[PDB]
Structure formats: C-alpha cells, structure tokens
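In the block that follows, a single chain appears as structure tokens, in the form solved without its partner chain.
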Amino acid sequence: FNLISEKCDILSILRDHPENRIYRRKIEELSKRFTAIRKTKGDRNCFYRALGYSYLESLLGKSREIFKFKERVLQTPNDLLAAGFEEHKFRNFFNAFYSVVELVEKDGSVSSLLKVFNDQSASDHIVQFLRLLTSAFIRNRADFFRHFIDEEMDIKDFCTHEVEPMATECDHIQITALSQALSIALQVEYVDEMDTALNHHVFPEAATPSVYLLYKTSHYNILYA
C-alpha cells in the first residue's frame, strides 16, 4: 500500500503535526464532518492518482453510472487526436485506463481496484493517461481557459511544462480541466497553518460531489463522509 493507503480514522493524522495548535484545531473540526481518510504518496502525481482511485471506487456496484462513464472513456481518444497527440504514442496509456474501468464493471471489489493503483507500473500508466487527457482538454478549449482563468497566460507552454510531465504539481486549472474532461464532481477541503476558517471549493460550482479530497502540505489525501 505504498501509493494509496488503507483507510484510517481522521484523527490519526494529528500525529503528522504534533504540538501545532492550528493544525490540531482544523483536524478536530474536519473530524466532525468526515469519518475516514486514505493517504497518497507525495511524489508530485498525487492529485491524478487520488482522483482516479477515489472516483472509480465511488462507481463500484452502480451499473447505470458505470455504463455512462465507460461510454465517455471510449470517446477520449478523439479528444487526444483533436489536440494533436498521436494514437501510437497514447495507445499504451489509454489501454491501461480502459482496463481499470472494465475491472470496476467485471470484478467490482475495493481490494482489486486498490491493488491496480498500488502497482507502480499500472498506476503510473493511469496517471500518464490522465495527464495527457487534461492537456488535450485545455488545448482544445484554450479561449475558455484564457477568458475565465488568465487572459495573459501562454496555454501551449503551460500544458507542455506543468501538465504533461510526470511529477508536476497541479493548481486550479488542472483540477477544473480534468473534472470537466471526465464529468467528475469533486470537493477539495483546505487545511493550511494560517489562523483562518476551514474552507472548501466544489468543481464544478454547485455540483453534488462524488469525491472529497484534503489539500494539506501540498498533498491531496482522500476523505470519506
């Protein structure tokens, strides 16, 4: 369980911040709203890995929702082609992601899904697919990211340097784009060491979330309500 942990009680993370009044206060407050957490490895890939595992975990046993997600995943090669990626170069990454979606349908266990996401090879192939899809989605909608996010930014350079490469950290743009690309609704809870209110953001605004993440020390962990 080196990439995605077993579930633990929320208060188990007090030990990561001993004798810190603000982190203790915020973790205690968090525990009033969430019961359990899974930790993810801090290797620069943790957003993609956490969102992938947690969303597919949320689909287990839901036959209509699996059928609709599989239908969307079958179309994602066309998003990659339209942004200029070549099939022979994304084939290995696409096939790894389609495979774990079929596992959710056919096997349907938590234990089998957690084994794929802790397999360094399968798991890294899944993360690389998610990063190429994020890049394609932004490239194909460059005017939307310039209109709504930053009129001055260089979209192609941003995708090349801060989305495609393994171990590159995410910001709001990547979270928004991968949410939109796979129709995944998520809520991110923010715990920093400033003396402020515990707070959260929903992607997209006003959706009912599938996935809850905790963002703390530049790390995304998985929450359960």
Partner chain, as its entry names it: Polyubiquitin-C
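Numbering follows the first chain given and starts at 1.
As for the form solved in complex with its partner chain, it is not shown, yet the points below apply to it.
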Looking at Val163, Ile184, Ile175, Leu30 here, can you tell me which has any non-hydrogen atom within 4.5 angstroms of its partner chain in the entry with it bound?
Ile175
Residue stretch of 79-87, 140-148, 95-103, 114-122 approaching its partner chain in the entry with it bound, non-hydrogen atom distance within 4.5 Å:
140-148
Any chance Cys46 has a heavy atom within 4.5 Å of its partner chain in the entry with it bound?
yes
When the contact criterion is heavy atoms within 4.5 Å, does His17 count as touching its partner chain in the entry with it bound?
no
Look up in the entry with it bound whether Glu169 has a non-hydrogen atom within 4.5 angstroms of its partner chain, and give yes or no.
yes
Does at least one non-hydrogen atom of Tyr215 fall within 4.5 angstroms of its partner chain in the entry with it bound?
yes
